[PDB]
Amino acid sequence: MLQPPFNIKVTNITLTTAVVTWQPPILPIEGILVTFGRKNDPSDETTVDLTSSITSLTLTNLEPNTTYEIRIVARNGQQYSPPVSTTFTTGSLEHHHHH
Amino acid sequence: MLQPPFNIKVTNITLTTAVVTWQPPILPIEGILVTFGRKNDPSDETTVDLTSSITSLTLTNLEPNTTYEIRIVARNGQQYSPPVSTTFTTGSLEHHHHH
Amino acid sequence: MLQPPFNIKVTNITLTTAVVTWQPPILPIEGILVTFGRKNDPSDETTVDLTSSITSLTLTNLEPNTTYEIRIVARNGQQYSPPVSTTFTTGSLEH
Amino acid sequence: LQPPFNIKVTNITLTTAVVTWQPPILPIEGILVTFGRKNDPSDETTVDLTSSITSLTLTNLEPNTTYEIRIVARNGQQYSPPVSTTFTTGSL
Amino acid sequence: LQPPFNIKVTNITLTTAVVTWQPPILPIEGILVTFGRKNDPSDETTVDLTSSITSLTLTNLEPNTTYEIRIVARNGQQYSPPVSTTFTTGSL
Amino acid sequence: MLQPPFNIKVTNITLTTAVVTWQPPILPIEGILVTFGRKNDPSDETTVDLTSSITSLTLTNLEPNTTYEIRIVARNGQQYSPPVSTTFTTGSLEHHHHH
Amino acid sequence: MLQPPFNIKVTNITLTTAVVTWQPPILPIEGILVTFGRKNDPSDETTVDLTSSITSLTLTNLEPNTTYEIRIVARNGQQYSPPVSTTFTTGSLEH
Amino acid sequence: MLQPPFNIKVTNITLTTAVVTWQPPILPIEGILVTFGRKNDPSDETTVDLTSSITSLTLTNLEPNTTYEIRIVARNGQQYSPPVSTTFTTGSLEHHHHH
Amino acid sequence: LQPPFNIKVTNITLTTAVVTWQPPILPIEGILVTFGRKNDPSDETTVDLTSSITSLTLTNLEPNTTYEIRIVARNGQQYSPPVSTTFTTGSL
């Protein structure tokens, strides 16, 4: 099997954003595929294709006090490695909205 | 990137069996991966790892009047080539069964 | 102690080609190991792991007028049936 | 059709750089980020991202070298004029 | 309960012989092998083996003598009919 | 003091079978005990009781790329000679299993 | 005759990753040899020489569902403590 | 010249311990050299030679409120790549000690 | 003075057994190993070894018999309390 990305980390979690970083495999690979979206929600899922030379992404437009799930895969040609993933929840509001 | 196998051809289709045969990519390779199952079910899938000197497989124990898909990919080093695929449907029961 | 395959037949033998066919075991199994290579050479062997849903293979790139042996072993869990064999010889060059 | 702006490059090291940019001001179908040696039009790597992404960490760059980043916003077939910046990696 | 088949006595010399057999179609918890001079009931020996063993080499046989080998499969209580073969050792 | 069997030799090793052969001690004995199984394992051990007439066995149902230990003991009356043993490893696969 | 390390623990085991941790010897030493490789393979082994000021390593690029062994030896002058061991197994592939 | 290791990152800093983790250069290499010690003393230095498949070290027995520097270099053939380095300072004693 | 620990009796057969142990936390100038039938004081043998030896194989044991093994560390004059384990040989 193709070696996967490892040590995935979601940092600087705010109300609507998050910083995702990971470590690519030891072997040369042609791409990385980062997939994210609401955890308990299949449909909502965005996928990004990157050169293995990118090790971090900052996400915005996330919804508050919501649980997300990120999945990262290495790609070499058309062979894909098992994913490496994690879940995280965005911060929430303690004071209420308008009127 | 890696050149894929080609000229996939399903032959001698009956009620429960099919003959699959293809051509390995011209460049030397470490293996050929054949995947098959109901086109109607990503779960129902089997993938075999063959030498490149095997160019044909006879599939038995297939369900009558069912539609199947075959994916054939080549692998070398740590790369899979894109797949060459095709679909076919098994023969059917003209006259009816027993009692 | 594990159900074996049987009735291995080799047909349509040409100069460098051969069709191999067999009968899956009576009891269900998880896989089937098919090994082949020159009979003379204990170090030539090539093995592929298949399922019982596959009962035939076409071998190519063989050498002319050579004797090959095929061995099939069925596997289930960590159990392996006693090997079943047969040998055949590819055709010879005319000129 | 506008592009991003305020493109900042940071934590520049011998071989890596954090690229950040402020999204335009129009619901767009993402952007394209291209980077490569500035003194070499042959070396160009492109990535296609949705609007939601505002930063990337670039690696495998060469020391004491000048790189150029061109970001373009797309909407199917309508590309905005590119925004660009150039920076140089740390030196020995 | 199916017995072994294709019993074969190979590499026969003046005092030794190789015995091999193909295990049954159905799994078996064990096998009993018996051998001795065909024309003699007193001289007869048997060994119980695991079905995973498929060949055995006999030594110290008498020259130019005919021997019979019987093999039976078992599952503790159930046995199968025997499978037999006979052979003769070299003479000079 | 009861001379043990000797010159034990494992030959014809394959993915799942192996041939074992030896020589009985010089003086007659009541039986020969051949015990075999995975080396790194106590639960897995098969003992077979032979007549000193037998000098070889062909073992099947061996796991691929696995290390095995074989011990042979001579028994006369209630006495047992120290065992003579050897180790070997079955051949291994180069192509993968299926899915 | 030389003080040994101990309490080797392996945590955060993934498909190809593993965190190894240990306790340096009671008496001071000059170095610590940490060896690792597949347990099955006596010829796989990889060794690094560390100091007692380091008590943990993260191994990567391992193979899935495989059993590895770690051995640690403390050295001082030309003396080497008796090896301390532990084994662990990387996770298995789902699909 | 040789591409250096990158994304050096010190983490989990306490009074006496620190976690160091980095990314090996993409090209195959024979080794990674990690050097650490008080930034305040070129004499106080330790250099370990690691496989490139080790991407993290936990340093213990560090002095409280001290500033340290880490240099990570890659070596291949008979070349060392330039170093990737960073500094950090251990935590400190808030309340006072014993008597 | 700390004794060895984790005494383990491995590969037990009809007449042999493998004995291994993990040397102490503190260095020791030597080790004394004793073994013999558990229910018998007359039958008992001891060997003095260098602490660098960690395993030993016993042969000529009696079948289906229980044995006890004691190990003690020393520094010429000081010894440590013993560490013990017992095992039984195969039977048939």
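What follows is calculated from the coordinates using simple rules that are stated; it is not laboratory data. No Cβ is skipped: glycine too gets one built from the backbone with ideal geometry, and neighbour counts run over all protein chains shown.
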For H:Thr66, the residues 5 or more places away or on another chain with a placed amide H closer than 5 Å to its own amide H are H:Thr90
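Give me F:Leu27, B:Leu57, A:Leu33, H:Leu62 ranked fewest to most by other Cβ atoms within 10 Å of their Cβ, as a rough exposure proxy. Walk me through the numbers before you get to the answer.
Values: F:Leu27 10, B:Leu57 23, A:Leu33 17, H:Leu62 20.
Ranked by crowding around the Cβ, least crowded first: F:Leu27, A:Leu33, H:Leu62, B:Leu57.
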Computed over chain D: relative contact order in percent, which uses C-alpha pairs under 8 Å that are six or more apart = 36 percent
Over the protein assembly as shown, the quotient of the Cα radius of gyration and 2.2 N^0.38 Å is 1.19
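Report, as a whole number in µm² per second, the diffusion coefficient that Stokes-Einstein gives for chain D at 10 °C and 1.306 mPa s using the Kirkwood radius over alpha carbon pairs.
Rounded, D is 118 µm²/s.
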Taking chain A and dividing mean pair separation by its residue count, relative contact order in percent (alpha carbons under 8 Å, at least six apart) | 35 percent
Those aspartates and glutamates that a straight Cα-Cα span of less than 14 Å connects to E:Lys38, excepting residues fewer than 8 apart in one chain | E:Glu62, E:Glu68
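So how many Å³ per residue does the convex hull of the Cα atoms of chain A work out to?
104 Å³
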By the scheme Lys and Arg +1, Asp and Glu -1, what is the net charge of all other residues having a beta-carbon under 11 Å from that of I:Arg37?
-> -4
Rounded to the nearest 20 Debye, what is the dipole magnitude of the protein assembly as shown about its Cα centre when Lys and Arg each give +1 and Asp and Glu each give -1 at the C-beta?
-> 160 debye
Give the whole-number value, in cubic angstrom per residue, of the convex hull volume spanned by the C-alpha atoms of chain C.
-> 90 Å³
Taking placed amide H atoms and a strict 5 Å upper bound, the residues 5 or more places from C:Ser56 or on another chain that come that close are B:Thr58
Size of the dipole of chain C about the Cα centre, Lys and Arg at +1 and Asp and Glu at -1 on the beta carbon, nothing else charged, in debye to 20?
-> 260 debye
Neighbouring partner chain Cβ atoms per residue of D:54-66, average, 10 Å criterion | 5
Candidate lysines - alpha carbon under 28 Å from A:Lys9, same-chain residues fewer than 8 apart omitted = A:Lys39, D:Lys8, G:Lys9, H:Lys9
Per residue of A:4-11, what is the mean number of Cβ atoms on other protein chains within 10 angstrom of that residue's Cβ?
-> 3
Hey, could you grab the Kirkwood Rh for segment H:1-59? Inverse mean 1/r over distinct alpha carbon pairs, Å, one decimal.
-> 12.7 Å
